[PDB]
Amino acid sequence: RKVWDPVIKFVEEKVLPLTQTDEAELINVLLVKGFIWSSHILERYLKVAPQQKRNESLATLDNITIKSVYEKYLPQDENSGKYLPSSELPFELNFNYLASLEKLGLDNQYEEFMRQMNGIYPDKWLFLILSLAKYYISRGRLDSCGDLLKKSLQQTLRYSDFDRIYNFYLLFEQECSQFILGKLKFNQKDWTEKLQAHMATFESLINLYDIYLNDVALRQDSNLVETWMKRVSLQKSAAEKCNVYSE
Amino acid sequence: XXXXXXXXXXXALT
Amino acid sequence: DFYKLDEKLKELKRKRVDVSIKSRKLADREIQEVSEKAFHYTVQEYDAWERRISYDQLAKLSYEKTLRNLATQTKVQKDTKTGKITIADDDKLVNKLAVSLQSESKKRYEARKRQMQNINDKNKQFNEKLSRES
Amino acid sequence: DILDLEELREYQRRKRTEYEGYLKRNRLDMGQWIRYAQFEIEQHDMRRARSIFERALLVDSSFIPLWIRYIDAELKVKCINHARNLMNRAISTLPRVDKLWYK
């Protein structure tokens, strides 16, 4: 009796979710910082359904129901009862549950999930760090965005993944300064001027480019002398070279 | 095919 | 303040576009990678350049080679009641000798297989033997 | 292939009958002797393996690869003192062969 419904359920999922860019993604997320029957069809079937190819379609819808069923597919913690991620689930569904907690604003539960979801996953080290940056961007925690990206930029063992975090951080600071300049269009306005200056001086990333670019190589191959000599060539010829050779 | 839905039914804003 | 700050932000944005463009190219390459002198040789350098079988000599060479391999990786009593010698040797070295013999046998065996893999199998082996004869 | 000990016994009977028939009909094929001994080492029955090597030596004691195979077979299974007795015997019968001394 359940198996007659998914043809209509999948077609409804096509219509209702369809009816519902690097710079603009940060811009819109920054702008936000200024602040159902279909689910029940899928929820009824998923009590007894056989596979995750069904569960994929549920995740397209909502959020309290999506949370409430996935809780039965996430292992408990030994003493907290927290919903841990599993390797029995595939990675995309774990990210869907993560997005469920993010959409509901269940902040402590979200970050507790992220601690584990970073912990269980090498290789996906970029994708979650950028998305955690989105969690900090969308919310009011602008400080921790910079602190996250800084404490993760000095952890990159490869050039492509460095370029991903570096261009993101660049766009972030540009758009943030651009946004808060427009806000002035007097204590709050003093704060706007101060933080304009701060983001416009966290723009030091344009100055220090070649130092970071070679520090990546010093993380790959720390005892390869020619890239220490390149890191001498880039100092500003003011007896600074003593510091580099010393190190 | 699990048939665990015995003696229960589907659950309004819907 | 606002006009100069805005102009600074615009120039910095242009510089940001430039730097990101360069960084993108570096990352693209990063992904793409993973996708009459005779009169000055010493006598030392000259005597070495002079360089460039029986079972007894082959046995000596095998002994030398095994000693090389052995080098790269780095009590006695007689029982009166049996008359037999006892050796107090270390189990680690016994096990390592057994493992070395097994692994070298595997390496020899597989190398000969790789050589083998390069009208009938025996008939072509006979024709190859005749080509070696010539 | 083989699911049961009784089936292993059947397999071992067939192979042993094969090898023993060929070595009965032609004992001087030393390679056949060697691979029969190798078969018994694969069965983990070192008593049979040792017996086959000893019989092979009785057919021809002068053949150096047979000695080296027996010594290496003893060493591969960590039977060092058996190997020591065997090597001492090997040099004692063939003192002028450098390979046994080096082994």
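Couple of notes before you dig in:
- Qualifying position, being part of a helix (DSSP H, G or I), within 14 Å of chain C (Cβ to nearest Cβ) and not small (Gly, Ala, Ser), among A:126, A:132, A:98: A:126
- Residue match in the range A:80-89 (condition: surrounded by 13 or more Cβ atoms within 10 Å (Cβ to Cβ) and in a helix (DSSP H, G or I)): no
- Taken together, the criteria exclude residue C:99 from residues that are within 11 Å of chain D (Cβ to nearest Cβ) and either in a strand (DSSP E or B) or touching a helix residue (DSSP H, G or I) at 6+ places or on another chain (Cβ under 7 Å) (or both).
- Boolean, residue D:99 is within 13 Å of chain C (Cβ to nearest Cβ), among the basic types (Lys, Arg) and either in a helix (DSSP H, G or I) or in contact with a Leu (Cβ under 8 Å, 6 or more places away or on another chain) (or both): yes
- Of all residues in the range D:59-69, one or more are more than 14 Å from chain C (Cβ to nearest Cβ), closer than 22 Å to residue C:59 by Cβ, more than 11 Å from the chain's Cα centre (by Cα) and of a type in the set (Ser, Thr, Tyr).
- Tallying residues that are under 19 Å from residue A:15 (Cβ atoms) and not in a helix (DSSP H, G or I) within the range A:52-73 yields 4.
- Among residues of the range C:35-70, those that are of a type outside the set (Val, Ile, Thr) and either within 30 Å of residue D:100 (Cβ to Cβ) or in contact with a strand residue (DSSP E or B) (Cβ under 7 Å, 6 or more places away or on another chain) (or both), counted: 16
- Test for residue D:47: is it part of a helix (DSSP H, G or I), exposed (fewer than 15 other Cβ atoms within 10 Å of the Cβ) and away from every other protein chain (no Cβ under 13 Å): yes
- Verdict on residue A:62 being within 14 Å of chain B (Cβ to nearest Cβ), in contact with a helix residue (DSSP H, G or I) (Cβ under 8 Å, 6 or more places away or on another chain) and among the acidic types (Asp, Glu): yes
- Exactly one residue among A:132, A:181, A:149, A:126 is over 20 Å from residue A:28 (Cβ atoms) and surrounded by 15 or more Cβ atoms within 10 Å (Cβ to Cβ), and that residue is A:126.
- Scanning the range C:78-89 finds one or more residues that are within 11 Å of another protein chain (Cβ to nearest Cβ) and of a type outside the set (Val, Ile, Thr).
- The residues on offer are A:36, A:66, A:27, A:41, and the sole one that is loosely packed, with under 13 Cβ neighbours inside 10 Å and aliphatic (A, V, I, L, M) is A:36.
- Reported count of residues in the range A:101-123, each being farther than 24 Å from residue B:11 by Cα and not in a loop (DSSP other than H, G, I, E, B), is 14.
Every residue, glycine among them, receives a Cβ derived from its backbone with ideal geometry; neighbour counts consider all protein chains shown. We did not get these values from a lab; they are worked out from the coordinates using the rules stated.
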